[PDB]
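Protein chains in written order, with the authors' numbering: chain B, 716 to 764; chain C, 315 to 364.
Working notes, beginning with the structure itself.
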Amino acid sequence: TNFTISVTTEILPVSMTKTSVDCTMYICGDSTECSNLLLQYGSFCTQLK
Amino acid sequence: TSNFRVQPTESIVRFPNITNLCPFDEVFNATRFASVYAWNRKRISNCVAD
Ligand SMILES: *[C@@H]1O[C@H](CO)[C@@H](O[C@@H]2O[C@H](CO)[C@@H](O)[C@H](O)[C@H]2NC(C)=O)[C@H](O)[C@H]1NC(C)=O
Ligand SMILES: *[C@@H]1O[C@H](CO)[C@@H](O)[C@H](O)[C@H]1NC(C)=O
Ligand SMILES: *[C@@H]1O[C@H](CO)[C@@H](O)[C@H](O)[C@H]1NC(C)=O
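Put into structure tokens, the structure is as follows:
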């Protein structure tokens with residue numbers, strides 16, 4: 716015999732913050748020998764980028 | 315493609331001043347030496363080690 720106009724809130728996530736990292740700076744930094752040693756590993760951090 | 319970096323040139327400030335000589339000859343050229351069970355310990359600090 717009666718009706719109620721109810722209101723509800725529904726929350727869904729949309730997206731997260733984009734994060735960009737680099738192999739050379741994060742792993743060791745400015746070491747040239749570290750870069751030379753990492754160059755022999757291949758393109759792992761290129762694939763990560 | 316890559317990252318941007320700034321090249322370095324040269325240092326800024328030195329170590330503590332080094333103008334002495336570490337007496338390494340006290341433990342190297344000694345008149346008498348000690349035994350294995352009771353050796354001698356000499357603390358060497360605040361000097362230049364060669
Ligand atoms: C259906 O329900 C609503 C409330 O959910 C009723 O509205 C109330 O009516 C009384 C008397 O008419 C008022 O004193 C209230 O202030 C009203 N409430 C609101 C929120 O407006 C309504 O009367 C009901 N319908 C029937 C046919 O009984
Ligand atoms: C050298 O050492 C002395 C004390 O050992 C210090 O006072 C002084 O600042 C140092 N540097 C120079 C350039 O004299
Ligand atoms: C003897 O002492 C001198 C300085 O006192 C030192 O230069 C030298 O190494 C020591 N040993 C020998 C075998 O000369």
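Ideal Cβ placement from N, Cα and C applies to all residues, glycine included.
Query: The region 321–346 of chain C: which residues have C-beta closer than 9 Å to a C-beta of chain B, in chain order?; Result: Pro-322
Query: Is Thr-333 of chain C close to ligand 2? I mean its beta-carbon at under 7 Å from any heavy atom of the ligand.; Result: yes
Query: Nearest-angstrom Cα distance between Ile-326 of chain C and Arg-357 of chain C?; Result: 31 Å
Query: Between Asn-360 of chain C and chain B, is any beta-carbon pair separated by less than 8 Å?; Result: no
Query: Determine the DSSP secondary structure at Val-350 of chain C, reduced to helix, strand or coil.; Result: coil
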